[PDB]
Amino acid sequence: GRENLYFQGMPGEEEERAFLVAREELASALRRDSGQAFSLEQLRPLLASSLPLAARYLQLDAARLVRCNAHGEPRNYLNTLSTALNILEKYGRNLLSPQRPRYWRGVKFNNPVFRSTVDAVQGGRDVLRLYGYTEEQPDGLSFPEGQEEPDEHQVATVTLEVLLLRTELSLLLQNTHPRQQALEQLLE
């Protein structure tokens, strides 16, 4: 689309450029409209990529999220982990809203949605840290006092990766994922 007019050519790395450009395109679309839904076809460059997990998820520790939460059958762990990711995706999008939630600056561990979704997976809390919720309280997790606003680029990057990971996990539950062994790439 647009970002493609500005990203540097990458001779001999055409598949990686295509990835990097798409990522940036969708990051910008989230910043323009945080409530926006993306189609499978819009995500395709990011889903079909042969690139390794370490290079597709730059912020999000996807390896530790799946490996540390593969309890029982894939059908079990997968449902739990995508319920957490769904909630996490909302935390990210909400931070890019033109009118953020009044109490956007803090998440509380005792919060009823949080306690049973995000906090049901190891690595969940870390993801909020990636959004900017970097300060520890006994009560929960918060943005630094002096930070007046979210880093919208950081938020969009993480939000995109969260939604991407969830999408991947959904196509596996469907038995519909492009990469033939995408679970084995994530689990080992």
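Throughout, we count residues from 1 along the sequence that is shown. Heads up, when I say rigid core I mean the largest set of C-alphas that superpose within 1.5 Å between the two forms.
- After superposing on the rigid core, the larger RMS C-alpha deviation in 8 other deposited structures of this protein belongs to 66 to 74, the other candidate being whichever of 66 to 74 and 128 to 136 remains.
- With 15 to 23 and 164 to 172 as candidates, the stretch whose CA atoms show the greater average offset from this form in 8 other deposited structures of this protein after a core fit is 15 to 23.
- Of the two stretches examined, 63 to 71 and 126 to 134, the record assigns the greater average C-alpha temperature factor to 63 to 71.
- Relative to one another, 158 to 166 and 42 to 50 have unequal mean CA B-factors, and 42 to 50 is the one with the higher figure.
- In the deposited coordinates, the residue among 83, 94, 76, 116 with the greatest CA B-factor is 76.
- In this PDB entry, residue 121 carries a Cα temperature factor that places it within the middle third of its chain's modelled residues.
- Among the modelled residues of the chain, residue 185 sits in the highest third by CA temperature factor in this PDB entry.
- Annotation for residue 139: CA B-factor lies in the highest third of the chain's modelled residues.
- Sort the chain's modelled residues by C-alpha temperature factor and residue 55 lands in the highest third, per the entry.
- Sorting the modelled residues of the chain by their CA temperature factor places residue 33 in the lowest third.
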